[PDB]
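Just the one chain here, the form deposited in one PDB entry, laid out as structure tokens.
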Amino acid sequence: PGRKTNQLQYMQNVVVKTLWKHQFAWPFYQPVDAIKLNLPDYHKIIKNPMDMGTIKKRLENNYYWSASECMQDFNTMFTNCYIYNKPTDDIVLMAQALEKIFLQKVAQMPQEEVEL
């Protein structure tokens, strides 16, 4: 299913470890529960749900083959938030602050993926 790579190690120990500690990360720790949270249109609008708790567990369980998958899961998580919510909603401003840090760290990741 997956393997160890230098870029996946970077995603786990730099990207996720930094974002998890961020003051705005907590709305993204768990899948959106449309029943508990009273979001009757969430799954009508969002067909590919993703959250940072799922990403973190995938890294810990060596689910990913390439860091490109992990980066896309982050992109999906953020994009879903912008599609579902209004641009003035606090959760969207929080997502944007997290995504800027994500992209800062991505710019500094090892540029060649090497299996470890």
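The term rigid core refers to the most C-alpha atoms you can superpose between the two forms while keeping them within 1.5 Å. Residues that one form lacks are left out of the comparison. Heads up: residue numbers just count along the shown sequence, starting at 1.
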*On average, are the C-alpha B-factors higher in 19-27 or in 101-109?*
101-109
*asked:* Test of understanding: from the entry's C-alpha B-factors, which stretch has the higher mean, 56-64 or 75-83?
replied: 56-64
*Within-chain third of residue 43 by Cα B-factor, per the entry*: middle
*Relative C-alpha B-factor of residue 50, binned into the chain's lowest, middle or highest third*: lowest
*Lowest, middle or highest third of the chain for the C-alpha temperature factor of residue 32?*
lowest
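Omitted here: the form deposited with a partner chain bound. The next part is about that form.
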*Contact test in the entry with it bound: residue 62 vs its partner chain, heavy atoms, 4.5 Å*: no
*Is residue 94 close enough to touch its partner chain in the entry with it bound, meaning at least one heavy atom pair within 4.5 Å?*
yes
*Non-hydrogen atoms within 4.5 angstroms of its partner chain in the entry with it bound: do 8, 12 and 112 all have one?*
no
*Once both forms are overlaid on the core, stretches between this form and the one not shown of 3 or more residues with C-alpha shifts of 2 Å or more*: 35-37
